[PDB]
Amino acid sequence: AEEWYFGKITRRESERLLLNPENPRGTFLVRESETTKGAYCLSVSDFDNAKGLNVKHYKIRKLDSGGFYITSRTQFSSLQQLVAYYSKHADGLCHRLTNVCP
């Protein structure tokens, strides 16, 4: 029911969705590996004058002790905590997460 979770959408279909010019910087979605349940990626739209509209994909790593992270220095207890956090602060990303991908 998470507006931003798109299940097993492929990398290519996720870029086609996110690359739409009406998506503001930071539009994003979370997707899952097709084979590995629980293995997630955060796909996000961005823009700069070098690459123009582009999509960045971050593997959402899992610690053995449980937990999720896209950069090891910032650990979360769940996907919702992580998405909530980067929606408030870029904290290293080029831009904070904004619109859930439509």
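All residue numbers are counted from 1 along the displayed sequence.
If you take the mean CA temperature factor per stretch, which one wins between 22-30 and 63-71? The stretch with the larger mean CA B-factor is 63-71.
If you take the mean CA temperature factor per stretch, which one wins between 74-82 and 87-95? Mean CA B-factor is higher for 74-82.
Could you tell me which third, lowest, middle or highest, the C-alpha B-factor of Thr36 occupies within its chain? Highest third - that is where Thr36 ends up once the chain's C-alpha B-factors are sorted.
Mind checking which third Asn49 falls in for C-alpha B-factor across the chain? Top third by C-alpha B-factor.
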